[PDB]
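*Asks:* Below is a structure I'd like to ask you about.
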Amino acid sequence: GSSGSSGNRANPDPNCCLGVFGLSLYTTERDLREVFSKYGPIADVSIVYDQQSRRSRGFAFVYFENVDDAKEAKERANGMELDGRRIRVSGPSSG
């Protein structure tokens with residue numbers, strides 16, 4: 001016998017890292033940070049912009065305090081209605 005396991009990680013997976021894709025036309029760190037602030041305390045927010053168009057590029061990076069602190073949103077962020085425009089959320093491992 002001696003057969004029984006569940007599975008547990010060791011190293012701090014990048015899970016925490018939270019990223020948003022397909023954002024609204026005019027989206028500033030303020031709006032997002034505010035929309036997410038509801039979930040909990042945020043660490044920092046950095047939205048990518050374009051060089052030509054004076055509007056958000058379409059992708060942003062949201063960092064939280066801890067992993068679990070992010071999951072809260074990572075689950076309540078995917079395909080969420082924001083300012084009429086729906087945004088998506090992801091979180092790979094290799095970047």
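Lettering and numbering for the structure tokens are positional, with chains as A, B, ... in the shown order, residues counted from 1 in each chain, and ligands counted from 1 in the shown order.
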Using DSSP on the backbone coordinates, identify all residues within range 30-69 of chain A classified as strand (DSSP E or B); present the result as number ranges by chain.

*Replies:* A: 42-49, 56-64

*Asks:* Applying 9 Å and only C-alpha atoms, which residues near range 55-62 of chain A remain after dropping the ones on its own chain fewer than 5 positions away? List them as number ranges by chain.

*Replies:* A: 17-29, 32-33, 42-50, 70

*Asks:* Excluding range 80-83 of chain A and residues on its chain fewer than 3 positions from it, collect all residues at most 9 Å away from it, counting only C-alpha atoms, and give them as JSON, numbers by chain.

*Replies:* {"A": [23, 24, 32, 35, 76, 77, 86, 87, 88, 89]}

*Asks:* CA of residue 74 in chain A and CA of residue 91 in chain A are how many Å apart?

*Replies:*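 Calculated distance between CA of residue 74 in chain A and CA of residue 91 in chain A is 8.2 Å.
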
*Asks:* What does the distance between CA of residue 85 in chain A and CA of residue 41 in chain A come to in Å, to one decimal place?

*Replies:* 23.6 Å

*Asks:* Can you list every residue in chain A that DSSP puts in alpha helix (DSSP H), as number ranges by chain?

*Replies:* A: 29-37, 67-77

*Asks:* Just the number, please: distance in Å from CA of residue 68 in chain A to CA of residue 15 in chain A, one decimal.

*Replies:*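 CA of residue 68 in chain A sits 9.1 Å away from CA of residue 15 in chain A.
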